[PDB]
Amino acid sequence: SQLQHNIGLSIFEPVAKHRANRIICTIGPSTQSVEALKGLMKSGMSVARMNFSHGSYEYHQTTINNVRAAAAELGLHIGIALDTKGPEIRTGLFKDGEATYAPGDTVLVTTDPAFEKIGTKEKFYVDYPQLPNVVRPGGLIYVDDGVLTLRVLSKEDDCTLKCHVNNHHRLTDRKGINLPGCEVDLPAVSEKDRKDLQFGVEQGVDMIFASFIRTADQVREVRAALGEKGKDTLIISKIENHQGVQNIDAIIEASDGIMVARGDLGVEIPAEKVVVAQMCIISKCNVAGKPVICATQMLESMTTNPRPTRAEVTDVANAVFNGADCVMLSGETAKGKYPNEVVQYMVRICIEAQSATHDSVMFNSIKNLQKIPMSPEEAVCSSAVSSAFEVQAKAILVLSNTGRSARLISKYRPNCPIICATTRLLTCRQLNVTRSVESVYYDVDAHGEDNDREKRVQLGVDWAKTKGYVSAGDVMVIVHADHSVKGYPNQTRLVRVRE
Amino acid sequence: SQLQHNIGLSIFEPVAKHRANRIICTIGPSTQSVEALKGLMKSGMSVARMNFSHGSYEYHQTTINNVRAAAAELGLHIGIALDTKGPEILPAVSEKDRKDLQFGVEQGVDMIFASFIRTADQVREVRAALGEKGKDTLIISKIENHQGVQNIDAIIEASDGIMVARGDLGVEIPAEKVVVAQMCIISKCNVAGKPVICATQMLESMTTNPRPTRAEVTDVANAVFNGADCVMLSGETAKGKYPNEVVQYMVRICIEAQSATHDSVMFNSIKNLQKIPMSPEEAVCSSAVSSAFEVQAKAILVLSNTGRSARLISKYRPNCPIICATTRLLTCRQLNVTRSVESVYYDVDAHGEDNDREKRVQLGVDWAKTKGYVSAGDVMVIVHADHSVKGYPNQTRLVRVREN
Amino acid sequence: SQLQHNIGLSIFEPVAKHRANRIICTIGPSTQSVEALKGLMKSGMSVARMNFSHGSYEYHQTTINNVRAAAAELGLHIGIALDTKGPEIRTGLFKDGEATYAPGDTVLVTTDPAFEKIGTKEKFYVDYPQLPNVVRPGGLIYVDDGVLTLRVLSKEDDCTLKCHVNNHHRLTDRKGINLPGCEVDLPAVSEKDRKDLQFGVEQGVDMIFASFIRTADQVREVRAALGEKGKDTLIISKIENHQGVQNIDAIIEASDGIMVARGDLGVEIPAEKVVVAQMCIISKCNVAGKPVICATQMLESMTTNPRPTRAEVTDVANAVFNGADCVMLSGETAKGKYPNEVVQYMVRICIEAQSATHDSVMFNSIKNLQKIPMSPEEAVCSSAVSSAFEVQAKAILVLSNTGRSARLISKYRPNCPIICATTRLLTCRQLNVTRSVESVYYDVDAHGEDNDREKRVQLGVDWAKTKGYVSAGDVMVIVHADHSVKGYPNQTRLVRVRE
Amino acid sequence: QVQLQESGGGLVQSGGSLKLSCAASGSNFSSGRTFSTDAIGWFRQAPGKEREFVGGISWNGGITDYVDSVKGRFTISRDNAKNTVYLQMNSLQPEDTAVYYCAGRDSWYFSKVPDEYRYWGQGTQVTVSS
């Protein structure tokens, strides 16, 4: 029980856990150089997030090139992720970067591209061209996360409106518009979104963070847009409004993973609720054995200060305790004065929470929900984690070429590293968002074919021995596919490391 | 299992649970008025904290009289706590502390928040300072540095309660460590069956803004999940611009976390940690809570005079409110710091001695009826002592409430 | 839970279990014919018992040769057991087959090797030679099974004793006598025992039912008595006196299996306790993973009637519920009017009681006795049984050359058949005495070397297909050794039968 | 993972004073620990002996401890911005002659037990002649 565990914790004993959780880092001005990326990889990064709501294909090509380079230098396999800009009534490019609005003021809200950047305290641009036809005089316009509300007074012109400012606010370039009445009927993928996705498939990204996903049909649209040239890239649905919470079950089934965008959620739902919502979404994800990621608002203040607030640290630790596979930084590492240090703090938080969690509880919980009879595949992975606990194995080594098996093992949440020996680099890259997992590449072309699965097993055990997981006389658990399975691993082996 | 509970939570269902966690409020300029005190009380406060690091004896005498008055008007038993100054910027009881502690004892405070507690010897020095006139007042030891965490077990046996000053802890030890220390200390207290409170850095930004940050909110929720009996406000209610809204915010968070926690995990954990010949006291208490679960009782009425029983039933964390029918008013006030308890007072002088133990029971059932907990047809667990036993509860009755 | 199982039982539903307990038949006048034996085998015999208490090497040679011929005809592997006569006082032989005594008579008991076949109401022979020197006047000499008591009155010659009969009981022939008096200095293996053991070894028996086992050192003496030629033969210690129960822990450790002789036991200890001793012994054997057999007093009334009594049936049923591996028939099959019929009843009782047992209780109870960190060997076997339960496997197929693994899997008591593919016919025959196992033989010489361990797996799957156990679509659990180590199986796969 | 680099030993007069310095590079990337996360101890090994606790300082400097022999004479402080630990030694006496090490523990809190430290400086000779 957690209780017994908790009463046994000591602040004074060093911790000893090999970090299970994974860290996603957004790239931008502070971290786009190759030396920066190398320090980010050394100091814990598993996925590099390219945030397409800003920047040109040139800026993002630089990131892709630079990360592949730093990785190579380091001999790692780093995931690259594309975060879509997404359907969003947006507005920005303010003349001098900014405009301040006082209550009682009147302001022009235009859909003319001539003011698209010359947006002043009197006239600014809103990206939706149907706004004059959808908002009538009287209703409001929520600008910058419901912080700055405007009351429509008149349809001043064909594509401009004269509005009444409720509360003072400092509006910076490109802040989201959140029209309270719906019937906006927003799509799954803007025309920019689509183009960007082809750029991504064309450059070889490993996962899409699709933004503002509300229904399952839209995840399907994202898939369609990725095409067959990228039928294998992960789609990670970004849950950021109440619709996505509402349809979380359909969405989870149509996605490869989930991202809980807490600060976006926070504009429509109260904070005490957002807490609950995170517990439900992460746990559903756990049960589905899909990756789930906590994003918005993590060590926010560490963008400018050398240390976060305790409140923020507990916030991260909660995400871990709650079940999250990954934590993502967004601007802590993009524009921040302490990129590496914040990554290393995330590493310390992850290990502390991991050491602070009863190792068996999740295994037992997940196992009790499993309907019986289990499939063979399910049973193989379940009982591999169970055998691990029972013999006190120090590593599970799964040979998988797609990564399915390693994800199913990680769902059962063992208390040891999972090592995946794969023949595909894309699988190394994509496994970076699955808890406990580390991959190991067997270039078949440059070696045998390993039909007897033996040099791949050696590759795995060699990795575990050199990375401190396992020693002479330790037991390990080998999960792989037999000679005779259409697909999937169905064999397991309990081996002892030999001197 | 918590996992199964989580996967069926919904952000859209109104939540229906009676708040089991207790809020402590610090009093200052924004809240010393009797009207303002009444507002705190209506908006969920159960104990008033006096910070003896600032303010004169006259100033706190003012707060004591004002809380007693506003409480009297609302018909509530609010506790009063005296937060010691401590040897601040080494001994345990500063001379100032001694005079402050006797002032509190003479003026009838319910508990001491002993500052900078490092060894169990120091909490016993505090108990000595309290004297016989304060023999029965709660000593709540404030853990605010590494010796406090190192010696937490001795400090827990010697104290009545423990308070985690997480901001104070964060000066010597790193934040991730404070996270772990909080879980350790809360649960050590949970097992010990003694109240534990979380103190600093709570909704601090609400001191000046009308809503806090989401990180702050999960920090409070995470205290509740961690097992804490009470949360404490500090500047939020003393200097703050929104004292009433922040207490209400604490109430909403407490309820949501409570409804998100799995009802049986605590009970099963605490019970399985017990040794196999249980003592009859412990047995009656656990089995009452157990019986409450098995029969889905909506209330547990316990007849304690000292409140011992109420603390023990609380340790097993039942699903429903615990109504304590007591005859000592100081117990009404001290019980505001234990989770899920709500005291009803029976004046033994003004009403005939309830030798039968039967009018107190009725009093309790009527309280539960009006509050809204129990309705005709519902079951309740009644726990008291028999005509002849040695000063502790030993019998338990199961009652179906009837139209009356 | 058994309660929950019990209240769901129906007497009108046909049972559909595969018989897991095993039946040992002793061979005698009604069954020694090759045709009789084939009928016992078809009827469900797994081991043929030879009571070496009676019979010549020519007779037992004949039994041996006939059972091999009958098995060869039916394509079976039947185990042969040799039950020792043991260090047990015997009562010569009596002329005209019988002789009766009345209390108040005087009868001579001589040890003069003469009169061994004469044997009259007036003077008879006994096995012990120093009987005149040990039992002194007044001593109580109990014959048959304590049924008769005699009091030693006279000294007579160096060879003979005059005793007062305190009875009313008719003797049958070459009965045993168990005299309570001490200074008996009981041997472990008599000269007759030793030569009988060699005959068995030289003729190739599969197992010894060692008689009257009291201490562990006796079991070692028996082992010694079998030379290098007999190191592979199982010794099953027959527990038949109070000392047997006294030392059961040492004797279990030293033996390959235990036989609970309840009649023999009932002569020295009260029935009520025999019941308890049976529970104790059987369960300790289950936890040790060694076979235990219940032997005397089984369906004794069926030697001459075509129906057993209900209490007799429940006695058998109780042994199975208790945890017994095998039940053993004695006179019922040796000198009885209904040999095939009583074996078929044993088959029916086994199936009924196995089907009324709760599938999972024994697996759980044994698994919770296990100290945690389990050995890999133990982990592999227990985990294969839990896998079988979770996937609702219809068969476990283990590839074991000595059978150690098959016994370890059986110890965890799965609910489906266990098929053991061996390269050793001695193993096929010796596994006949463990619950739920069935052997399939791979002739290394006839076919390949099955280095891959593939032909054998096919042999096993094929078998379970023809046997009626599995159909295309069902799941099977396969346990074997990898091709990098030897000694014990450490590898497991879950396979769906295809056809 | 983290490496320590000592400087500052020598010869000094009875009653004089020296300043030992230890500079830190590197990280235990596995754990996310750096000099600024780790408590630091100072130990000394006098000729022929084992190696004894002198003083210790927690990660952020908020806690220090000293053996009685050096209390009032020695001062441990640290500058996390410069990745450096200092051991200031005043009123040095012949009994302080020894080789002196800094060591780093993977804990925010220090120990007096040498085996509980994870990385060491390579040691410097301090000789007090009167």
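Residues numbered from 1 in each chain as written, not as in the entry; some residues may be left out. Chains lettered and ligands numbered in written order. Part of a larger assembly, values for the part shown. Heavy atoms only, no water. Residues with missing side-chain atoms left out of burial classes, pairs and counts.

- Per the PDB record, this model was obtained through X-ray crystallography at a reported resolution of 2.80 Å.

Considerations on the overall build of chain B
And then number 1: Across its full length, chain B holds 17 helices and 13 strands.
And then number 2: The globule rule puts the C-alpha radius of gyration for 404 residues at 22 Å, and the 20 Å found for chain B is close to it. (Helix = DSSP H or I, 4+ residues; strand = E, 2+ residues; numbered from the N terminus. Rg over C-alpha atoms; globule rule 2.2 N^0.38 Å.)

Things to note about empty space enclosed by the protein
And then number 1: Empty space within the largest cavity amounts to approximately 150 Å³.
And then number 2: Lining the largest cavity are 17 residues, and of these A:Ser383, A:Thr492, C:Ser383, C:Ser387 and C:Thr492 lie nearest its centre.
And then number 3: Elements that contribute at least two residues to the lining of the largest cavity include exactly helix 14 (376-391) and strand 20 (491-496) of chain A together with helix 15 (376-391) and strand 22 (491-496) of chain C.
And then number 4: Along the lines of polarity and charge, the residues of the lining of the largest cavity split into seven nonpolar, nine polar and one charged. (1 Å grid on protein atoms, 1.4 Å probe; cavity = no way out; pocket = protein on both sides within 12 Å on 5 of 7 lines; lining within 4 Å. Points joined across faces, edges and corners; volume = space filled by probe spheres on them. Nonpolar A, V, L, I, M, F, W, Y, C, P; charged D, E, K, R; others polar.)

Side note on the sheet that holds strand 7 (residues 196-198) of chain B
Residue and element names in this part refer to chain B.
And then number 1: Spatial ordering of the closed barrel is given by 1-2-3-4-5-6-7-8, a layout of eight strands whose pairing is parallel. Taken over all neighbouring pairs, the strand axes of this sheet differ in orientation by 25° on average, direction set aside.
And then number 2: Relative to strand 7, strand 6 (residues 161-164) is paired through three bridges, and the arrangement is parallel. Looking across to strand 7, one finds that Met163 is bridged to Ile197. (Pairing = 2+ DSSP bridges. Axes fitted to C-alpha atoms, helices over the stretch in contact; angles between N-to-C directions.)

Focus on the sheet that holds strand 20 of chain A
And then number 1: The sheet built from ten strands is open, its strands ordered 18(A)-17(A)-16(A)-19(A)-20(A)-22(C)-21(C)-18(C)-19(C)-20(C) with mixed pairing. Each edge of the open sheet carries a strand with a single partner, namely strand 18 (437-441) of chain A together with strand 20 (437-441) of chain C. In this sheet, adjacent strand axes meet at a mean angle of 20° when their direction is disregarded.
And then number 2: Bridge count for strand 17 (residues 418-422) of chain A against strand 18 of chain A is five bridges, and the pairing is parallel. Bridge pairing links A:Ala421 to A:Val440 in strand 18 of chain A.

Re the state of the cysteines
Residue and element names in this part refer to chain D.
And then number 1: Under the definition given, this model contains one disulfide over all chains.
And then number 2: Linked covalently through their sulfurs, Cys22 and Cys102 form a disulfide whose S-S length is 2.0 Å. On the sign convention where negative is left-handed, the bridge of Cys22 and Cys102, at about 75° about the S-S bond, is right-handed. You can see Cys22 sitting in strand 3 (residues 18-26) and its partner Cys102 sitting in strand 9 (residues 98-104), a full 80 residues away along the chain.
And then number 3: Judged by its relative accessible area of 0%, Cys22 is buried. (Disulfide = S-S within 2.5 Å. Buried < 20%, exposed > 50% of the residue type's maximum accessible area, 1.4 Å probe, protein only.)

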